[PDB]
> 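The structure's right below; bear with me while I get my questions together.
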Amino acid sequence: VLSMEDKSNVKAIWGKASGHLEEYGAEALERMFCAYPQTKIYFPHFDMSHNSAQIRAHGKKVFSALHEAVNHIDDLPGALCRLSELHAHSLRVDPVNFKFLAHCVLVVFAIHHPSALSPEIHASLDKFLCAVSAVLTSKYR
Amino acid sequence: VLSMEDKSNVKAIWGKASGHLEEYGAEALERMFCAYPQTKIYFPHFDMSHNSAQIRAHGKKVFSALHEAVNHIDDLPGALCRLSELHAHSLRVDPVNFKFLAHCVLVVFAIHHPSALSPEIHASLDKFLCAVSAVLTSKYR
Amino acid sequence: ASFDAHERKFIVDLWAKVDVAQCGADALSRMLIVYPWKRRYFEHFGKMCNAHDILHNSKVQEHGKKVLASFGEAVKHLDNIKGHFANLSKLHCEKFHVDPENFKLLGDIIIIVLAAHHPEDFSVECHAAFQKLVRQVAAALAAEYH
Amino acid sequence: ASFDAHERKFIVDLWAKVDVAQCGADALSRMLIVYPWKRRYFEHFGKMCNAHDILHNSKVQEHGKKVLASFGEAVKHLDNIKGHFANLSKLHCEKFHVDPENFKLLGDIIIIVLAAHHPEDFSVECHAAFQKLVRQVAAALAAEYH
Ligand code: HEM
Ligand code: HEM
Ligand code: HEM
Ligand code: HEM
């Protein structure tokens with residue numbers, strides 16, 4: 001469960017990414033593809049170059065989705081309802097992969113905003129990305 | 001999420017254990033202690049004999065708790081609120097251990113009621129024990 | 001760690017009683033029903049929308065027989081489980097691209113299938129012997145994942 | 001799998017820049033804040049109720065320096081990670097009773113600490129080299145768990 005303080009924490013570190021959703025989003029996927037190359041089987045049709053049009057556009061959608069999630073952090077199931085059906089039912093993404101992308105999001109914030117991602121902030125953000133992952137893996141079958 | 005059918009399923013297989021909460025409960029712990037001996041570090045003060053008074057009494061409490069959970073399967077967080085504080089805050093049980101005990105519960109039902117634990121029933125029961133485990137691991141810190 | 005004499009005897013005596021075709025079909029069917037994302041790895045077997053489809057899929061049933069007969073070969077190679085499975089491990093990683101966390105989940109399902117077909121024999125000590133086996137087999141499949 | 005020449009060079013060049021005392025204290029502190037059940041394994045270091053207590057615990061800070069210096073010895077034994085860590089693995093299993101799933105969680109925290117102290121150097125390819133290292137070190141610690 002996310003406390004009131006976790007929620008303040010997540011909103012505040014999230015605000016640092018506000019103008020950089022495509023940038024940060026693209027970097028996180030680049031990192032997930034390179035550090036966990038098994039994730040590439042889900043994107044057979046992507047150009048896997050650095051700063052590829054396809055990766056920039058998908059990195060934006062991902063982080064735009066995570067941005068609405070933060071803005072509805074009280075009701076994550078409703079905020080991510082359609083996404084959970086896409087990921088679990090239509091794409092059958094193996095639930096281990098959500099841990100990989102969550103770790104890469106955390107790495108992007110640490111690179112770009114090292115002081116802001118203090119230990120207690122790091123704990124809140126990690127709680128929020130587990131919560132989002134749980135909603136996205138909630139609808140298998 | 002547990003569907004309406006999962007819920008019918010869980011209630012019906014649960015009813016088979018109704019007169020055997022101490023029996024089934026004791027057997028599940030015996031199995032968890034023997035097959036995952038690392039779980040014994042949490043019970044330093046227990047007699048670890050077969051059908052020990054301490055194990056019979058703890059097996060009953062566990063399955064009695066799981067029986068109220070089934071009876072409140074719509075509101076698991078409220079049904080298990082006090083338990084979640086005991087396990088996560090006061091005892092700091094490592095979250096891997098909840099998977100071990102859940103597997104041993106499933107083994108007990110398979111031994112005692114092999115026909116009833118059909119594949120679709122097996123899927124519902126496993127969804128319910130993950131849901132209970134998630135509530136019990138929800139309060140770390 | 002090595003199986004002791006007592007671990008060995010539980011394992012070797014139970015496995016001689018096991019119907020490998022029926023338990024293998026059972027184990028494979030249940031794993032696709034209980035953990036539905038695993039269906040993606042078998043999208044070439046066809047009809048896997050619901051549990052009726054799975055239970056009636058002849059290729060799923062057939063495949064379950066092989067998986068369990070393979071696993072059954074550990075019982076003749078208790079001293080050498082990691083070495084015996086090393087090629088299969090390669091095949092899973094490279095050809096079928098299966099995430100190694102899933103091997104532990106099949107191993108648990110196998111425990112449940114054996115428990116249901118052999119209740120008098122699947123005692124507390126027997127179940128501990130088999131859990132150790134299943135942990136070693138899942139580890140030998142994950143081992144060549146680099 | 002073996003580190004190639006390019007993997008090796010990323011790793012070896014980053015690690016020469018790392019302050020091992022400060023990153024080790026940082027990594028150990030964060031792991032007890034992010035995953036609070038791990039505190040039970042260290043109930044002999046004392047005050048671990050909140051995150052202020054942890055950040056101010058001298059024994060936690062000290063211990064973090066050793067853990068990272070140990071990990072740092074993998075960089076001189078890239079060809080032999082499983083062999084180098086085999087005794088430590090024993091010690092964790094038998095003496096400290098630590099569940100091997102937790103090694104992967106520390107390894108991720110270490111990636112995050114390195115990323116924050118070395119942002120210009122922690123490129124996409126460098127991060128992939130280090131992720132492979134951390135996966136091998138976590139596997140070598142879990143290896144003697146029988
Ligand atoms: C934070 C976690 C995640 C979020 C918020 C997220 C969000 C999204 C969004 C917004 C879309 C676009 C949906 C649309 O256009 O209607 C999408 C598609 C997709 N996602 Fe995710 N996703 C996440 C995790 C993952 C993971 C872990 C994988 C695979 C390893 C993955 C694989 C896909 C794939 C394959 C598509 C289809 C994309 C395509 O058409 O090319 N997602 N995701
Ligand atoms: C389905 C999962 C579980 C349920 C429903 C459950 C339920 C309970 C209950 C009802 C109690 C008694 C609390 C009281 O008397 O006030 C308890 C205590 C305890 N539980 Fe659990 N528990 C579960 C899982 C676990 C696991 C996985 C472990 C450790 C591996 C564990 C370790 C303990 C310990 C050490 C105690 C203290 C017992 C004592 O005083 O001797 N529990 N649990
Ligand atoms: C005890 C654990 C396992 C054993 C002993 C095992 C054994 C086998 C064997 C013997 C084959 C046939 C190899 C061949 O074609 O020559 C196979 C194929 C395969 N296995 Fe496994 N397996 C195990 C676990 C798993 C798991 C957990 C998954 C997926 C979640 C999986 C997915 C596959 C797939 C996709 C194939 C290829 C199927 C085909 O194209 O016919 N296996 N496995
Ligand atoms: C990179 C991963 C790790 C490395 C390299 C590592 C290394 C070490 C080293 C070198 C020691 C000192 C051994 C000695 O006393 O001679 C140690 C002790 C210990 N480790 Fe680890 N460790 C790792 C991960 C973990 C994790 C994840 C946990 C718990 C969640 C843990 C818990 C402990 C504990 C409790 C001690 C004993 C502490 C004491 O009594 O002073 N370690 N470890």
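Because only heavy atoms are used, hydrogens play no part in the values below, and waters and symmetry mates are left out as well, while side chains stay in. Throughout, a chain's letter reflects where its sequence line sits, starting with A, and its residues are numbered from 1. Every number for a ligand or one of its atoms is a count from 1 in the order of the listing.
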> Under a 4.5 Å cut-off applied to non-hydrogen side-chain atoms, are B:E27 and B:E23 in contact?
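The answer is yes; the side chains approach within 4.5 Å.
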
> Identify, for atom 7 (C) of ligand 4, the protein heavy atom at the shortest distance, and state residue, atom and that distance.
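Ranking protein heavy atoms by distance from atom 7 (C) of ligand 4, first comes D:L88 CD1, 3.8 Å.
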
> For atom 34 (C) of ligand 4, which candidate among D:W37, D:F42, D:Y41 provides the closest heavy atom?
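Among D:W37, D:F42, D:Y41, the closest heavy atom to atom 34 (C) of ligand 4 belongs to D:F42.
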
> Tell me the protein heavy atom at minimum distance from atom 12 (C) of ligand 4, and give that distance in Å.
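Checked against all protein heavy atoms, atom 12 (C) of ligand 4 sits closest to D:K66 NZ, 3.7 Å.
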
> Of the side chain and backbone of D:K95, name the one, both, or neither that has a heavy atom under 4.0 Å from an atom of ligand 4.
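D:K95 to ligand 4: no contact under 4.0 Å from either part.
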
> Any side-chain donor paired with an acceptor under 3.5 Å for D:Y41 and B:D94?
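Note: D:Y41 and B:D94 side chains meet the donor-acceptor criterion.
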
> Starting from atom 28 (C) of ligand 4, locate the nearest protein heavy atom and write down its residue, its atom name and how far away it is, to 0.1 Å.
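Answer, as residue, atom name and distance: D:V98 CG1, 3.8 Å.
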
> Which class fits the ring pair B:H103 and C:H127: parallel under 30°, tilted 30 to 60°, perpendicular over 60°?
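Plane angle over 60°, so perpendicular.
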
> May I ask you to identify, for D:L105, whether its side chain, its backbone, both or neither come under 4.0 Å of ligand 4 on a heavy-atom basis?
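Contact part for D:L105 vs ligand 4: neither.
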
> Report the nearest protein non-hydrogen atom to atom 35 (C) of ligand 2: residue, atom name, distance rounded to 0.1 Å.
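Of the protein heavy atoms, B:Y42 O, 3.3 Å lies nearest.
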
> Answer with side chain, backbone, both or neither: which part of B:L136 has a heavy atom less than 4.0 angstrom from an atom of ligand 2?
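Just the side chain.
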
> To the nearest 0.1 Å, how far is atom 9 (C) of ligand 2 from its closest protein heavy atom, and which atom is that?
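Checked against all protein heavy atoms, atom 9 (C) of ligand 2 sits closest to B:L83 CD1, 4.2 Å.
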
> Among all protein heavy atoms in this structure, tell me which lies nearest to atom 32 (C) of ligand 2, with the distance rounded to 0.1 Å.
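Scanning the protein heavy atoms, the shortest distance from atom 32 (C) of ligand 2 goes to B:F43 CZ, 3.4 Å.
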
> Which residue supplies the protein heavy atom nearest to atom 5 (C) of ligand 4, what is that atom called, and how far is it?
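Protein heavy atom at minimum distance: D:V67 O, 3.8 Å.
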
> Using heavy-atom distances only, which candidate in B:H87, B:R82, B:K61 approaches atom 43 (N) of ligand 2 most closely?
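Looking at heavy atoms only, the winner is B:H87.
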
> When only distance counts, is D:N102 in polar contact with ligand 4, meaning an N/O pair under 3.5 Å?
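Looking only at distances, the answer is no, because the N/O contact criterion of under 3.5 Å is not met.
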
> For atom 38 (C) of ligand 1, what is the nearest protein heavy atom, given as residue, atom name and distance?
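Looking only at protein heavy atoms, the one closest to atom 38 (C) of ligand 1 is A:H58 CE1, 3.9 Å.
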
> Parallel, tilted or perpendicular for B:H20 and B:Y24, by the 30°/60° rule?
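Because their plane-to-plane angle is under 30°, the rings of B:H20 and B:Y24 count as parallel.
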
> Using a 3.5 Å distance criterion without hydrogens, assess whether the side chain of D:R39 forms a donor-acceptor pair with backbone atoms of D:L32.
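Yes; at least one donor-acceptor contact below 3.5 Å.
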
> Quiz question: by atom type and distance under 3.5 Å, do the side chains of D:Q61 and D:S29 form a donor-acceptor pair?
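Note: D:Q61 and D:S29 side chains meet the donor-acceptor criterion.
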
> To the nearest 0.1 Å, how far is atom 26 (C) of ligand 2 from its closest protein heavy atom, and which atom is that?
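In this structure, atom 26 (C) of ligand 2 has B:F98 CE2, 4.2 Å as its nearest protein heavy atom.
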
> Can you tell me if D:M31 contacts ligand 4 (heavy atom of the residue under 4.0 Å from the ligand)?
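It does, in that a heavy atom of D:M31 comes within the 4.0 Å cut-off of ligand 4.
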
> How are the rings of B:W14 and B:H67 set relative to one another: parallel (under 30°), tilted (30 to 60°) or perpendicular (over 60°)?
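Tilted: the ring planes of B:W14 and B:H67 meet at 30° to 60°.
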
> Among all the protein's non-hydrogen atoms, which is closest to atom 29 (C) of ligand 1, and how far away is it?
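Protein heavy atom with the smallest distance to atom 29 (C) of ligand 1: A:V93 CG1, 3.9 Å.
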
> Using a 4.0 Å cut-off to any heavy atom of A:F46, which atoms of ligand 1 qualify?
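What qualifies from ligand 1 is 41 (O).
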
> Considering only heavy atoms, does A:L101 approach ligand 1 within less than 4.0 Å through its side chain, its backbone, both, or neither?
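The part of A:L101 near ligand 1 is the side chain, not the backbone.
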
> Around atom 27 (C) of ligand 2, find the nearest protein heavy atom and jot down its residue, atom name and distance.
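Among all protein heavy atoms, the one nearest atom 27 (C) of ligand 2 is B:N97 O, 3.6 Å.
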
> Give me the nearest non-hydrogen protein atom to atom 36 (C) of ligand 2 as residue plus atom name, then the distance to 0.1 Å.
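Looking only at protein heavy atoms, the one closest to atom 36 (C) of ligand 2 is B:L91 CD1, 3.8 Å.
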
> Relative to each other, are the rings of D:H77 and D:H84 parallel, tilted or perpendicular (30° and 60° limits)?
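Ring orientation, 0 to 90° scale: parallel.
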
> Are D:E43 and B:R92 close enough for a salt bridge, meaning some N to O gap below 4.0 Å?
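Here D:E43 pairs with B:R92 in a salt bridge, since their nearest N and O are under 4.0 Å apart.
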
> At the 4.0 Å heavy-atom cut-off, does B:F100 count as touching ligand 2?
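B:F100: no contact with ligand 2 (<4.0 Å).
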
> Using distance alone, decide if ligand 1 has a nitrogen or oxygen within less than 3.5 Å of any nitrogen or oxygen in A:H45.
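Looking only at distances, the answer is yes, because the N/O contact criterion of under 3.5 Å is met.
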
> Report yes if some N/O of D:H44 lies less than 3.5 Å from some N/O of ligand 4; otherwise report no.
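Such a contact does occur with ligand 4.
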
> Between the candidates D:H92, D:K104, D:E73, which shows the shortest non-hydrogen contact distance to atom 42 (N) of ligand 4?
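The residue whose heavy atom sits nearest atom 42 (N) of ligand 4 is D:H92.
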
